[PDB]
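One structure is given below, encoded as structure tokens.
Quick note: the coordinates plus some simple rules give every number you see, no bench work behind them. Cβ: placed from backbone, ideal geometry, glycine included. Neighbour counts: every protein chain shown.
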Amino acid sequence: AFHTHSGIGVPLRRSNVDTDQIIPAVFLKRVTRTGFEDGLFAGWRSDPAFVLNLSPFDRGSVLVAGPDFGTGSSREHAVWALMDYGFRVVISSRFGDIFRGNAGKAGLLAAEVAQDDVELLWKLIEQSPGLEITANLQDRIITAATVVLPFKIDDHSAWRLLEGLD
């Protein structure tokens, strides 16, 4: 279940965010499957001025990231970390291939959007922290304030999300 998700958008101006940054290896074991929320961005969250430590971004569930998010040797874990923290949508102009595949299978919506449109969303969120971004899977659009943007997702991913096979 899910044709639409709404949540506080979190601006993250970082390119080539790789698996190790999303969830550091020290947190992993191979049979563990719960409680990855503390390991999400665990290194970056050491700084009290990291965006995820700031209200109201600390309660966000829609992540707006730089190009090539989820890059490197992806992990189901990286997707697990985001999900456990409470993020249901990641927006980027380009995803790591392995990461994108894994996202849909895991109940996380990875929306690819034009970079022009990424910089646009960053501005909205940064001028108005708390602004909510909506992702509509039926129409394949992202909405923020009165700005409406198309996004791409492969139909197999869409089908897994819509069928709620999380």
Legend entry - 5 angstrom amide H check on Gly7, placed H, neighbours 5+ away: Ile133
Inset, instruction - Pull out the extension gain between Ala145 and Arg14, defined as 0.36 nm times the separation in residues minus the alpha carbon to alpha carbon distance; nm, one decimal. - result: 44.8 nm
Inset, instruction - With both partners inside the chain, how many of the DSSP beta bridges are antiparallel, as a percent to the nearest 5? - result: 50
Inset, instruction - Rounded, prolate or oblate: pick one for region 1-73, where a ≥ b ≥ c are the square roots of the eigenvalues of its C-alpha gyration tensor, a/c under 1.5 means rounded, and failing that, prolate if a/b is larger than b/c, else oblate. - result: rounded
Legend entry - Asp116-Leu162 pseudo-label distance in nm [points 7 Å out on the Cα-to-Cβ vector]: 2.8
Legend entry - Cβ-defined net charge surrounding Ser74, 13 Å radius [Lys, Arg +1; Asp, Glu -1]: -2
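Suppose only helical runs count, i.e. DSSP H with n ≥ 4. What mean residue ellipticity at 222 nm does that imply for the chain under -39500 (n - 2.57) per run, divided by all residues and rounded to the nearest 500 deg cm²/dmol?
My calculation for the chain gives -7500 deg cm²/dmol from helical runs alone.
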Inset, instruction - Would you calculate the separation in nanometres between label points at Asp97 and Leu54, each defined as 7 Å from the Cα along the Cα-to-beta-carbon direction? - result: 3.6
Legend entry - Percentage relative contact order, the chain, counting C-alpha pairs under 8 Å, at least six apart: 28
Inset, instruction - Determine which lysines satisfy two conditions relative to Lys152: a Cα distance under 17 Å, and not lying fewer than 8 residues away in the same chain. - result: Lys105
Inset, instruction - Would you mind counting up the charge near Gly107? Only other residues with Cβ under 10 Å from its Cβ, with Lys and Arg at +1 and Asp and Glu at -1. - result: +2
Legend entry - GNM result for the chain, Cα springs below 10 Å: residue of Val26, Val148, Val62 fluctuating most strongly: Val26
Inset, instruction - At most 14 other Cβ atoms within 10 Å and a DSSP loop assignment: could you name the GluC sites (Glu not before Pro) in region 68-166 that fit? - result: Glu163
Inset, instruction - Using the Karplus curve 6.51 cos²θ - 1.76 cosθ + 1.60 with θ = phi - 60°, work out ³J(HN,Hα) for each residue of region 37-46 in order, rounded to whole Hz, and write x for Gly and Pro. - result: 4, 6, x, 4, 6, 4, x, 6, 6, 6
Inset, instruction - Would you please report the Å³ per residue occupied by the convex hull of the alpha carbon atoms in the chain? - result: 99
Legend entry - Other-chain or far-sequence residues with amide H under 5 Å of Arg14's (modelled H): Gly66
Inset, instruction - Amide H neighbours of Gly96 under 5 Å, at least 5 residues apart or on other chains, H built in the peptide plane: list them. - result: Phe69, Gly70, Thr71
Inset, instruction - Starting at the first residue of region 128-138, write each ³J(HN,Hα) from the Karplus equation 6.51 cos²θ - 1.76 cosθ + 1.60 with θ = phi - 60°, in whole Hz, x for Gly and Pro. - result: 9, x, x, 3, 9, 9, 10, 10, 9, 7, 5
Inset, instruction - Can you list which of the trypsin sites (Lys or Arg not before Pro) found in region 96-166 are DSSP loop residues with at most 14 other C-beta atoms within 10 Å? - result: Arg140
